[PDB]
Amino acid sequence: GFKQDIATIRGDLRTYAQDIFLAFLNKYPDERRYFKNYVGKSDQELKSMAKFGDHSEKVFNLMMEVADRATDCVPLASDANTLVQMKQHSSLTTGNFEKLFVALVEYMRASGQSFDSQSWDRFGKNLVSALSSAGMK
C-alpha cells in the first residue's frame, strides 16, 4: 500500500524520481517554462544534464518525507506550508501540483510494480487542499 510504496520509491529513488518527473514533463510539456534549460531536449538529453537527476531526486526525497509524515494520506499542514513558502515555488499555483500528481498516478498505473495508485491520487488531492489552506493560489 501507500506506506510500502514509499519504501519502494526510496529503494531506487534516482530512477523513479527521473522516470516520474519525465512523465510529468512529457505529459505537460508547458510546465517546462518554470524550469531552466529543459526545452528542446529528449529524456536522455535531460538525464545527462548536470542538475536534472539531482533536482528530481531532491523533489522526491521531500515528497517521500511528506508522504511518510502523513496519516491516512493526509499530509501535515506544516509540510504544505513549507512547499508554499519555498522561494523556488513562489510563482506556482495548486494546479501545477495536481498536474504532477496526475502524471505520477498515471505512471504508477502503467508500470509493472504494485503501487497503491488510488492512495497516491488521494494524497495528491489532500496535498492540493493543504497547499490552498496554506495560502497558495
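Quick note: we count residues from 1 along the sequence shown, nothing fancier.
Comparing 123 to 131 with 19 to 27, the one whose average Cα B-factor in the PDB entry is higher | The entry gives the higher C-alpha B-factor average to 123 to 131.
On average, which has the higher Cα B-factor in the deposited entry, 64 to 72 or 46 to 54?
-> Mean C-alpha B-factor is greater for 46 to 54.
Determine which member of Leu83, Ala77, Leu92, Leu100 has the highest CA B-factor, using the values in the deposited entry.
-> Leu92 has the highest C-alpha B-factor of those listed.
According to the PDB entry, is the CA B factor of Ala110 in the bottom, middle or top third of its chain, that is, lowest, middle or highest?
-> Highest third - that is where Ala110 ends up once the chain's C-alpha B-factors are sorted.
Record-listed C-alpha B factor of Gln88: chain third | Middle third.
Chain third (lowest, middle, highest) by recorded CA B-factor, residue given as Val39 | Highest third of the chain for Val39's C-alpha B-factor.
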